[PDB]
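Let's start with one chain on its own, the form deposited in one PDB entry, as structure tokens.
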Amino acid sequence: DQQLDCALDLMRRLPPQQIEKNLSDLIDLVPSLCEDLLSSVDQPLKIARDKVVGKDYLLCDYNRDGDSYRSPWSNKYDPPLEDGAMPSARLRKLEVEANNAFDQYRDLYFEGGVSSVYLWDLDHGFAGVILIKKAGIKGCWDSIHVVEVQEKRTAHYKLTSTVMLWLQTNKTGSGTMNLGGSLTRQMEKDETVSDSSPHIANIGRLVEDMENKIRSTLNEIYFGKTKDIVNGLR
């Protein structure tokens, strides 16, 4: 659709820290684009509180059923639902283990912030999202990792990842400096699945590699390319 292409191009040119306002204004302007735009454009992550367990979790479309959101900690919807969408018993076991592992991953690499993992069954495997949010020192990092697992033994893993990052300083010499934007990348691999190399380990390694690669690329794009451009403006 020409209008969808145009809205997506708008979202690539408008200031990256205003995604929510720009998305909400676009949907106001062409309401029929709402569903397609929300499935194509990444939104900064929102934190909710699981008051039963006393833990924060992240909200996205993958843990939404109707107007409620499922906690990865309690496996319950807020507001409550009678028959909300749930992972199978087998996959809920993996999802608990994945939430615990990525909690630790997050602590070691981010020393703060909030993570959540949601898994869902597929025909010949399963898929999942790994979400990490760390606010700053003003700024915020949001990562969204969507992983698809086909089990053949050995499994095939497909990872699509988006990092959204903004940072702002206010200093005597440089005034106010704001850097904002995003990067999306994709990786694939086959890995052996065993008791010693389980899915969660294969997935963690793939997410780890992706975030390190993305961080390094952002570092040159943010602190390198835009720097060089400034130095040629004057």
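Under this definition, the rigid core comprises the largest set of C-alpha atoms superposing within 1.5 Å between the forms. The first residue of the sequence shown is number 1, and the count goes up from there.
We do not show the form deposited in another entry, though everything after this point is about it.
Candidate set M187, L59, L179, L183; criterion, C-alpha shift of 2 Å or more between the shown form and the other one after rigid-core fit; matching residue, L179. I214: CA moves less than 2 Å between the shown form and the other one after rigid-core fitting. The two forms, fitted on the rigid core, differ between the shown form and the other one by 2 Å or more at the CA of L26. When two forms of a protein are overlaid on their rigid core, residues whose CA moves 2 Å or more are considered shifted, and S197 is not one of them between the shown form and the other one.
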